[PDB]
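See structure below.
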Amino acid sequence: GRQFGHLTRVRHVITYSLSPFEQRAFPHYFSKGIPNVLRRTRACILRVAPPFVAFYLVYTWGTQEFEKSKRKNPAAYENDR
Amino acid sequence: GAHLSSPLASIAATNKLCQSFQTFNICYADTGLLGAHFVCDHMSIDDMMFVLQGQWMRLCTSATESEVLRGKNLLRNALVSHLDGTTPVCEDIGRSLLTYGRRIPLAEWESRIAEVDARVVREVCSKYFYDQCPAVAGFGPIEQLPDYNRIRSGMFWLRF
């Protein structure tokens, strides 16, 4: 109903925070962040890539398969007859 | 009731936006503490606040010498008031000594009162209020209480 008032009931939690001025926009964003980028990227790339392979394969597979099938009329039947 | 001069005591009785509140001052050796302490319904919290920032902020700009006087008189009374009785008289000295030394500048306090001015209060509050970083303490059922980032933007008016 009333959005902030009545949602849940919660007791004996404590919270701490600072003025945004009190702290920095990039607390080692570069150094400390780069590992975090890496670690989780693999958890996905396990389950992400495998299909993308398949298309590109088939993509070229059919591409070639398409090409010679079309490209060369005197391929199987050459122009002796 | 609702006819009191204090805008807070007028509204907070009117719509009972809080149960009660009082403002404190505590000045340490090097430090001082200005703020209030209020109690209001778990659904009434926000509205107490949006009011309370009204008063401080409006003082820093638009305040007026009239209401100065009604404040001026009271503090004279409260000052003179507390001064009765053995122990409190006795008691001032000790801290005062540990604070200002012997100084019990009794009649001077009055002279000190005559010092304060409309610009003064504004110019003073301009320092210690306008666009600052306030501290926030809370005790449940808080949840309604807005996030800091509101309060912060809520310190400095936009001119509204």
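Identifiers in the structure tokens: chain A, B, ... in order shown; residue index from 1 per chain; ligand index from 1 in order shown.
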
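Set the cut-off at 9 Å, count only C-alpha atoms, and the residues of chain B near chain A turn out to be residues 42, 43, 133, 134, 135, 140, 141, 143, 144, 145, 148, 149 and 152 of chain B.
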
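Across the structure, CA of residue 50 in chain A and CA of residue 64 in chain A are spaced 21.5 Å apart.
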
Checklist entry - Among chain B, which residues carry a DSSP assignment of strand (DSSP E or B), reported as a list in words? => result residues 20, 21, 22, 23, 24, 25, 26, 27, 32, 33, 34, 35, 36, 37, 38 and 39 of chain B

Those selected residues, please, written with N, CA, C and O atoms and delivered as a PDB file, in the first residue's frame.
ATOM      1  N   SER B  20       6.322  14.949  20.143  1.00  0.00           N
ATOM      2  CA  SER B  20       6.990  16.068  20.772  1.00  0.00           C
ATOM      3  C   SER B  20       8.368  16.197  20.164  1.00  0.00           C
ATOM      4  O   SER B  20       8.881  15.258  19.552  1.00  0.00           O
ATOM      5  N   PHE B  21       8.972  17.360  20.356  1.00  0.00           N
ATOM      6  CA  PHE B  21      10.395  17.463  20.107  1.00  0.00           C
ATOM      7  C   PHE B  21      10.969  18.622  20.885  1.00  0.00           C
ATOM      8  O   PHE B  21      10.253  19.534  21.299  1.00  0.00           O
ATOM      9  N   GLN B  22      12.278  18.582  21.035  1.00  0.00           N
ATOM     10  CA  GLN B  22      13.030  19.658  21.633  1.00  0.00           C
ATOM     11  C   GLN B  22      14.371  19.747  20.939  1.00  0.00           C
ATOM     12  O   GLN B  22      14.897  18.751  20.435  1.00  0.00           O
ATOM     13  N   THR B  23      14.912  20.949  20.914  1.00  0.00           N
ATOM     14  CA  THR B  23      16.205  21.202  20.315  1.00  0.00           C
ATOM     15  C   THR B  23      17.241  21.275  21.420  1.00  0.00           C
ATOM     16  O   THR B  23      16.936  21.679  22.543  1.00  0.00           O
ATOM     17  N   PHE B  24      18.451  20.849  21.105  1.00  0.00           N
ATOM     18  CA  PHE B  24      19.542  20.830  22.056  1.00  0.00           C
ATOM     19  C   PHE B  24      20.667  21.739  21.594  1.00  0.00           C
ATOM     20  O   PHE B  24      20.813  22.021  20.402  1.00  0.00           O
ATOM     21  N   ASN B  25      21.478  22.170  22.552  1.00  0.00           N
ATOM     22  CA  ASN B  25      22.821  22.637  22.249  1.00  0.00           C
ATOM     23  C   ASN B  25      23.771  21.975  23.223  1.00  0.00           C
ATOM     24  O   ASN B  25      23.510  21.947  24.428  1.00  0.00           O
ATOM     25  N   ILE B  26      24.865  21.441  22.699  1.00  0.00           N
ATOM     26  CA  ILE B  26      25.977  20.997  23.516  1.00  0.00           C
ATOM     27  C   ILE B  26      27.258  21.463  22.861  1.00  0.00           C
ATOM     28  O   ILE B  26      27.580  21.042  21.748  1.00  0.00           O
ATOM     29  N   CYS B  27      27.991  22.320  23.552  1.00  0.00           N
ATOM     30  CA  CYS B  27      29.268  22.793  23.060  1.00  0.00           C
ATOM     31  C   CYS B  27      30.356  22.152  23.892  1.00  0.00           C
ATOM     32  O   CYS B  27      30.407  22.352  25.109  1.00  0.00           O
ATOM     33  N   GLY B  32      30.768  21.915  19.279  1.00  0.00           N
ATOM     34  CA  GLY B  32      29.414  22.246  19.674  1.00  0.00           C
ATOM     35  C   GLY B  32      28.418  21.456  18.854  1.00  0.00           C
ATOM     36  O   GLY B  32      28.697  21.035  17.729  1.00  0.00           O
ATOM     37  N   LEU B  33      27.242  21.258  19.438  1.00  0.00           N
ATOM     38  CA  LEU B  33      26.217  20.416  18.847  1.00  0.00           C
ATOM     39  C   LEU B  33      24.886  21.133  18.791  1.00  0.00           C
ATOM     40  O   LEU B  33      24.317  21.496  19.822  1.00  0.00           O
ATOM     41  N   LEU B  34      24.384  21.301  17.577  1.00  0.00           N
ATOM     42  CA  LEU B  34      23.120  21.968  17.342  1.00  0.00           C
ATOM     43  C   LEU B  34      22.216  21.047  16.555  1.00  0.00           C
ATOM     44  O   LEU B  34      22.601  20.559  15.489  1.00  0.00           O
ATOM     45  N   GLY B  35      21.024  20.821  17.077  1.00  0.00           N
ATOM     46  CA  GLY B  35      20.057  19.987  16.401  1.00  0.00           C
ATOM     47  C   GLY B  35      18.916  19.690  17.334  1.00  0.00           C
ATOM     48  O   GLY B  35      18.887  20.128  18.486  1.00  0.00           O
ATOM     49  N   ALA B  36      17.972  18.919  16.825  1.00  0.00           N
ATOM     50  CA  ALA B  36      16.787  18.609  17.595  1.00  0.00           C
ATOM     51  C   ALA B  36      16.626  17.109  17.767  1.00  0.00           C
ATOM     52  O   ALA B  36      17.357  16.295  17.205  1.00  0.00           O
ATOM     53  N   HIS B  37      15.630  16.767  18.565  1.00  0.00           N
ATOM     54  CA  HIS B  37      15.274  15.393  18.858  1.00  0.00           C
ATOM     55  C   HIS B  37      13.768  15.290  18.834  1.00  0.00           C
ATOM     56  O   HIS B  37      13.114  15.900  19.679  1.00  0.00           O
ATOM     57  N   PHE B  38      13.208  14.509  17.914  1.00  0.00           N
ATOM     58  CA  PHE B  38      11.758  14.461  17.841  1.00  0.00           C
ATOM     59  C   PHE B  38      11.261  13.034  17.810  1.00  0.00           C
ATOM     60  O   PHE B  38      12.019  12.095  17.568  1.00  0.00           O
ATOM     61  N   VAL B  39       9.971  12.893  18.070  1.00  0.00           N
ATOM     62  CA  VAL B  39       9.289  11.614  18.075  1.00  0.00           C
ATOM     63  C   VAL B  39       7.975  11.774  17.333  1.00  0.00           C
ATOM     64  O   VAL B  39       7.156  12.628  17.684  1.00  0.00           O
TER      65      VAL B  39
END

Next on the checklist: Would you pick out the contacts of range 13-18 of chain B at 10 Å or less, using only C-alpha atoms, so that residues sharing its chain but fewer than 5 positions from it are not included, and give the list as a list in words?
Outcome noted: residues 1, 2, 3, 4, 7, 8, 38, 39, 40, 41, 42, 43, 44, 45, 46, 47, 48, 49 and 51 of chain B

Store the residues picked out above in a file with C-alpha atoms, as a compact mmCIF listing (two decimals), in the first residue's frame.
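See result_16.txt below for the written result:
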# COMPACT_ATOMS: atom_id res chain seq x y z
CA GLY B 1 -2.69 24.65 21.09
CA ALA B 2 -2.41 25.88 17.51
CA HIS B 3 -2.13 29.63 18.20
CA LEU B 4 1.44 29.51 19.51
CA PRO B 7 5.72 27.62 13.67
CA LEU B 8 6.67 24.16 14.90
CA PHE B 38 11.76 14.46 17.84
CA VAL B 39 9.29 11.61 18.07
CA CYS B 40 6.57 11.08 15.51
CA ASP B 41 4.35 8.39 14.05
CA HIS B 42 5.98 5.76 11.88
CA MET B 43 3.99 7.13 8.98
CA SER B 44 4.49 10.75 10.09
CA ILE B 45 8.29 10.88 9.93
CA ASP B 46 8.89 12.50 6.53
CA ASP B 47 6.55 15.35 7.16
CA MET B 48 8.17 16.34 10.43
CA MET B 49 11.40 16.66 8.49
CA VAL B 51 8.91 21.03 8.03

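As for CA of residue 60 in chain A and CA of residue 76 in chain A, they are spaced 21.9 Å apart.
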
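For the atom pair formed by CA of residue 160 in chain B and CA of residue 136 in chain B, the distance is 23.3 Å, given to one decimal.
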
Checklist entry - Which parts of range 12-51 of chain A does DSSP call helix (DSSP H, G or I) when run on the backbone here, written out as a PyMOL selection string? => result chain A and resi 20-22+29-51
